[PDB]
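Engineer:
Number of protein chains: 2
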Amino acid sequence: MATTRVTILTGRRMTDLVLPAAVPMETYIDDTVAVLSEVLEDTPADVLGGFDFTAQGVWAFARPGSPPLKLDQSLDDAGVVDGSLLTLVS
Amino acid sequence: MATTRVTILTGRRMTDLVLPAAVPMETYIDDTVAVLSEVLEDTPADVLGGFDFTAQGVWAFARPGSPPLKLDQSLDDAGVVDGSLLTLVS
């Protein structure tokens, strides 16, 4: 399985992940959010810039400050390269 | 976020995955199965040894031939190390 290294920015915190490169983002985004919520459960809120893992609505990846990537596309389709910064948006 | 590379056995096929080592298995197993479903979607049926992605219960990881690991535990809790062989069972 091809993979890509991405770093998720949550406020000031960076978290490095290894994600499937060629599978649509919709296939794994929900459990990604769930994992990151556990990983950052003890992190102070001011450091997370108030980030809410319990936000309602449809989660997607986005390059910081940009419109969200299409969930039916893979990271490869979206041109995401190793070490790219992404955010989680809903 | 700690990770451990595991080898998932499906029939005669072995597929390496980098999984979160420190969060409960139940946090990511469902999307792991979904991802693996896409990755192995062109694998010939005889290589798959009757492995079925259609669940007969709640999915769990298991060391081949052993009782399934508890979903509330992490890979670390289960003593899983790099290149540990695991299967998916329901």
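Top line first, the protein sequences correspond to chains A and B.
All residue numbers for the first sequence refer to the authors' numbering, where the first residue is 20 and numbers rise by one.
All residue numbers for the second sequence refer to the authors' numbering, where the first residue is 20 and numbers rise by one.
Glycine included, each C-beta is placed from N, C-alpha and C at the ideal position.
1. Quick one: any contact between the stretch 87 to 101 of chain A and the stretch 28 to 47 of chain A, if contact means 3 or more CB pairs under 8 angstroms?
2. Does the beta-carbon distance from residue 55/A to residue 72/A come in below 8 angstroms?
3. Give the secondary structure of residue 81/A by DSSP, where H, G and I count as helix, E and B as strand, and everything else as coil.
4. Express the C-alpha separation of residue 25/B and residue 95/B in angstroms, rounding to a whole number.
5. Apart from the five residues just before and just after residue 107/B, which ones in its own chain have a Cβ nearer than 7 angstroms to its Cβ?
6. Just verifying my parser: in three-state terms, what is the DSSP assignment at residue 51/A?
7. If you measure from the beta carbon of residue 100/B to each beta carbon in chain A, is any gap under 8 angstroms?
8. Report the residue from 57/B, 22/B, 61/B, 63/B whose alpha carbon sits nearest the alpha carbon of residue 44/A.
Structural biologist: Inspection of the coordinates gives the following:
1. yes
2. yes
3. strand
4. 12 angstroms
5. Answer for residue 107/B: 27, 52, 78, 80, listed in chain order.
6. helix
7. No, no contact with chain A.
8. 57/B
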